[PDB]
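Comments concern the structure below.
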RNA sequence: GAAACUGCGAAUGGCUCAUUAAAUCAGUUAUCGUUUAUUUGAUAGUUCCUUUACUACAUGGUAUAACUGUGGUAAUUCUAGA
RNA sequence: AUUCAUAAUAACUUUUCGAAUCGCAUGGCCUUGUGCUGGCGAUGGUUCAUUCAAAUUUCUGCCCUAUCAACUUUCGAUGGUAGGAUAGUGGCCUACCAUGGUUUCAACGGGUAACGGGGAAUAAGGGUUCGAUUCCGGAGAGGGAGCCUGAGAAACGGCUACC
RNA sequence: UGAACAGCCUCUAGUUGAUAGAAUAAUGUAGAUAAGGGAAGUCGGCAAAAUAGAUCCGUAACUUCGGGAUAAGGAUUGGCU
RNA sequence: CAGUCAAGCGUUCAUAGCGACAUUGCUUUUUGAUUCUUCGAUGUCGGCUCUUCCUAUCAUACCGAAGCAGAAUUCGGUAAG
RNA sequence: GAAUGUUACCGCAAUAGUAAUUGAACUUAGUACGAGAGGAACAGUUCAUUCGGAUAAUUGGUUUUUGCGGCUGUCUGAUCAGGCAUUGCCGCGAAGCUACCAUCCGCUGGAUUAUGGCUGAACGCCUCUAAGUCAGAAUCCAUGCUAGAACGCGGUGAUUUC
RNA sequence: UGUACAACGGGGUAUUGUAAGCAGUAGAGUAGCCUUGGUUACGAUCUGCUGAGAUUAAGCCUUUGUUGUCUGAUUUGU
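Chains as they are written, first to last, in the deposited numbering: chain Y, 1 to 126; chain ST, 1 to 171; chain X, 2 to 137.
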């Protein structure tokens, strides 16, 4: 079975009971009883009418659907391998990252020597 | 009914064809943002927890969050909104969009696994999919590989190898 | 409902007796349709023949295009105001009464249908379904 | 160097004369009553404001497109989840 | 011709800008530090000027009809006061006040098988007819009406709503 | 209250007098309503039903120029400061 | 309203279907004919509602005939449910 | 409704009435037939016309539930709460009733008419007929339903210690 | 003289729609006072108590509760 929602009051619509209405511009309206349909034809505002769910929703009358909201305290913070770098090699690189000051200094010295050699070669060419 | 389930960390997706009508009743009267029971969704998902992340109904229609309606309606989408991509500068075309409430018309329902239970499923959780590529920003790779301000971050980058049979490229 | 109908139609409450005027639902130029008779209607003493949703009737154009006037032509009822019960269990009705001018064979004289059309009528007459925009 | 993001162009041009009789338009003026991308020429020594720490300026933060996998639809310059 | 341009004061800003951008070339200061200084440009940027322009606007000029003599003025009409919106002046709109504005010098209303002009056909001179059309300006993307982007659009080979 | 000696309620005054009691069948008398059509019923819009007061604006043909006219067709109507 | 005879229509072909000139009967749902009952009184037309009956059967059920190929269509029998 | 010995229960069934009718669509079938343009039928299925019996769960209607809420004139000193205006007006409105305006249902066996036949003489043949016999109608009788002879009938419990 | 019956009350259900009363740096404002800046009187209504209040079987269901009732007159024989 399919259970519907009243347009005027949001009341629960069960198979068999209720009435369906269509306007000139092909709009679906469902009314649970004769009262809601009568008010709809009387052009009474469902929001203004007290016993509909819309008025309660606006005025926060008995609004206790959720006692407290749920929010993410932190991110997933999951670890997964990236491309062909491999998780084991990534972990090895992370472990070897500290105590790299000597390697950085050696690389800087090699780069300085290469720059000096390039400058000498350029001077010789000129 | 097709159940498109995604799993992070492993990062794999799979569709389960839930024929049984008693099983898919848990998704009834629900909306994107809630949770469902692994025992309710089926026998082989015992101890599992899922989070609804939209889906599509019959004939194929994007599920937009915040609709809060159980039936489809035609909405005027605009820029920087889902279910619609501006094909021009400022163009805003209206299209019919499936409501956020899940009813007995969702041909394919999309969920994401929140936590893992006792029993493991097929390749969905039995396959590990690595990331497509690493970060590009210097600070990004620094925070990825765990370096310091002066640590020669240029050397510690992705060095994946591609071979044509006679030469290898690190790219 | 017996000229070129594809299958039968479930019984619909009749609220359009002979003499009813319904707003025209086509671009044939007519503005209203006046019920003159009902095809396949019953016979009873002092009983006014009545039309339901999708029933083929005969009608005359009271006002509208001059050529459509002073003639009798078949029509198909597409909107009925009287509430009727479908087999699904719900009760539905249309805002007003409306019909479309068509030949006795079943083909639509007009080119488009304005407003909602009954699902029973659309299924009973394939031309109405193929010529309508929305079906409820 | 595919595709895509980004910045521009698509308000150019071409077609027709339906509407329009101090209206358009033509001759002739004003903006000291306004806006202006575009090209051209000039045009920011001050921006830490319990300005002793509250402070990356060897230049710092974030998401996303393409892509890789799941698809729905009979169909469109259709789209949702990882 | 100025309450012009411009300058100084007292403060104000959901704080506007005052280069977290890109390609080549390679030189000098010491000292041997990737320490410090070093062009060609491109893009972007706050304002002013010029240009591209756009927008209103001064005076004159448009076919036939009075078998059209009064028209407008409720709800905007003729002006002021003050305020809103525009990028700007303005009943362009708002509240009040005054009853005003045009017209036998052809108002107003009707038709135009009337876009206008530059021009074309035809004549001693005067003159008559035509001009949608290869140039300029104006309106339109089937009738309206609304709007985003965009400096510039009520844009339709851009969308939304009704026929 | 209300234009009003219209209709309704109350003051002074007068009356409580129409054989009564128990249930609420059919058919009747009077008062009523009813989903869709709106005169298709009937000799015949018979009966019945809709507007109806006030204010604003708007009012054709004809004419004896006095009329038609409240023509027709539309908008508002409460309370409080 | 129903039969009998049969000159012909029906392309040849009286009775598939019509059947002239003649002739035999049937009911009183038309209209006449006489006034036997009623003028110290049978309320006279039509329409609305309503019950039953008859077959000289419009259709439905079951069959026969046709210049009935199908469809359509023309007669006849049992038939008033 | 008295009388049949009283009373109560379960009953039978003579009689009397009867009820269901029809059409459309799909398949057959674009087939049989038909040179051709045209064009079926049985069996099966889904519906629909009129009529009949019920019944309100859903839909509509009725409002004296005067049930609730609102409104106008007047009155109780004012509020609250109330009277009247022949049921003061409006909206909703529970229960009952009702609507082919809502729902379901309306059976199958035999004997026969017309007709088609079988065997078979009259009339050595033939023949549906003279004997018999088969199929056969919305026909009739049966199944069933309604009332049950108030003088049609049966069974069963107790029949007053005073 | 007990799964007894009747009258109330309770609950369930239904109809209607937010009751009286209190309070409000909620109120188009009006008329008063000097702490000319907040207060005193009138003021349709709204806001919170309050899906609240009222009715609910007379032809709705139930009742471990309160309260009561249960020997009146005639008639009938094979």
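We put the beta carbon where it would ideally sit given N, CA and C, even for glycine.
CA-CA distance, residue 17 of chain X to residue 94 of chain ST, rounds to 39 Å.
Burial state of residue 91 of chain ST is exposed, judged by a 10 Å Cβ sphere holding fewer than 16 other Cβ atoms. A contact is defined here as three or more CB-CB pairs under 8 Å, and the region 145-164 of chain ST fails this definition with respect to the region 42-55 of chain ST. Between residue 6 of chain Y and residue 43 of chain Y a beta carbon distance of about 17 Å is seen, past the 8 Å cut, so the two are scored as non-contacting. CA-CA distance, residue 35 of chain X to residue 65 of chain X, rounds to 12 Å.
DSSP places residue 92 of chain X in the strand class (E or B) of the three-state scheme.
Note on geometry: alpha-carbon atoms of residue 56 of chain X and residue 63 of chain ST lie some 40 Å from one another. With 16 or more other Cβ atoms inside 10 Å of its own Cβ, residue 57 of chain ST counts as buried.
Rounded to whole angstroms, the separation of the alpha carbons of residue 76 of chain Y and residue 131 of chain ST is 16 Å. Judged by their CB atoms, residue 100 of chain Y and residue 151 of chain ST are nearer to each other than the 8 Å cut-off. Residue 46 of chain X sits in coil when the DSSP states are folded into three classes, being neither helix nor strand. Contact note: residue 147 of chain ST reaches chain Y through 97, using a C-beta cutoff of 7 Å and chain order. Residue ranges of uninterrupted alpha helix (DSSP H) with 4 or more members, entirely inside the region 11-46 of chain ST and ordered along the chain, are 38-41. Taking a cut-off of 8 Å for Cβ pairs, the region 92-108 of chain X and the region 65-80 of chain X touch, as three or more such pairs fall below it. Among the CB atoms of chain ST, none fall inside 8 Å of the CB of residue 10 of chain Y. Fewer than three beta-carbon pairs drawn from the region 100-114 of chain ST and the region 74-87 of chain ST are found closer than 8 Å, and the two stretches are therefore not classed as touching. With respect to chain Y, the C-beta atom of residue 44 of chain ST has no partner C-beta closer than 8 Å. In the DSSP assignment, residue 75 of chain ST falls within the beta strand (DSSP E) that extends over 73-76. Using a 10 angstroms sphere on the CB of residue 139 of chain ST, the tally of other CB atoms stays under 16, which defines it as exposed.
Look at residue 92 of chain Y: its C-beta is not under 8 Å from any C-beta on chain ST. A residue is called buried when at least 16 other Cβ atoms come within 10 angstroms of its Cβ; residue 85 of chain Y meets this threshold and is buried. Residue range 34-41 is occupied by the alpha helix (DSSP H) that includes residue 38 of chain Y. Contact annotation: residue 171 of chain ST and residue 119 of chain ST have beta-carbon atoms that are not nearer than 8 Å. Within the model, the alpha-carbon separation for residue 104 of chain Y versus residue 110 of chain Y is close to 10 Å. For residue 22 of chain X and residue 88 of chain ST, the gap between their C-alpha atoms comes out near 49 Å. For residue 83 of chain ST, there is no enclosing beta strand (DSSP E), since its DSSP letter is neither H nor E. The residues 38, 117, in chain order, have a CB closer than 6 Å to that of residue 48 of chain ST in the same chain once the five nearest residues on each side in sequence are set aside. Look at residue 110 of chain Y: its C-beta is not under 8 Å from any C-beta on chain ST. The DSSP-derived three-state label of residue 3 of chain ST is strand.
For residue 57 of chain Y, the uninterrupted alpha helix (DSSP H) run begins and ends at 53-59, by DSSP. For residue 53 of chain X against residue 13 of chain X, the beta-carbon gap comes to about 4 Å, under 8 Å, which counts as contact. At a Cβ-Cβ threshold of 8 Å, residue 116 of chain X and residue 26 of chain X count as neighbours. Contacts with chain Y at 8 Å (Cβ-Cβ) do not include residue 30 of chain X. Rounded to whole angstroms, the separation of the alpha carbons of residue 85 of chain ST and residue 49 of chain X is 59 Å.
Counting along the chain, the unbroken alpha helix (DSSP H) around residue 95 of chain Y starts and ends at 87-96.
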